[PDB]
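>>> with the input below, show me the fold.
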Amino acid sequence: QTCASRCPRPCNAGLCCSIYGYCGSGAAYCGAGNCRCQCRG
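Numbers count the residues shown, from 1 in each chain. Pasting the structure now:
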């Protein structure tokens, strides 16, 4: 819920921090319109 506060690396490897504050995988989290940071896992 607060992943952006831990940019540049909020998540486990392979996951990305979304604009809504959660870590997750795939284009759903890592794509430009969804990704805050850690957008290459």
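
>>> for the most centrally placed residue in the chain, give the beta-bridge partners.
Taking C-alpha atoms, centre = their mean, the centroid of the chain lies closest to residue 17, which sits 1.4 Å from it. When assigned by DSSP bridges, residue 17 has beta-bridge partners residue 23, residue 37.

>>> measure it to residue 41 for me?
Distance from residue 17 to residue 41, counting by C-beta to C-beta, to the nearest Å: 11 Å. Bear in mind the C-beta positions are built from the backbone N, C-alpha and C, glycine included.

>>> and for residue 4?
Residue 4 is 16 Å from residue 41, where distance means C-beta to C-beta.

>>> also residue 34?
Applying C-beta to C-beta to residue 34 and residue 41 gives a distance of 14 Å.

>>> quick one: buried residues of stretch 7-19?
10-11, 15-18 (16 or more other C-beta atoms under 10 Å).
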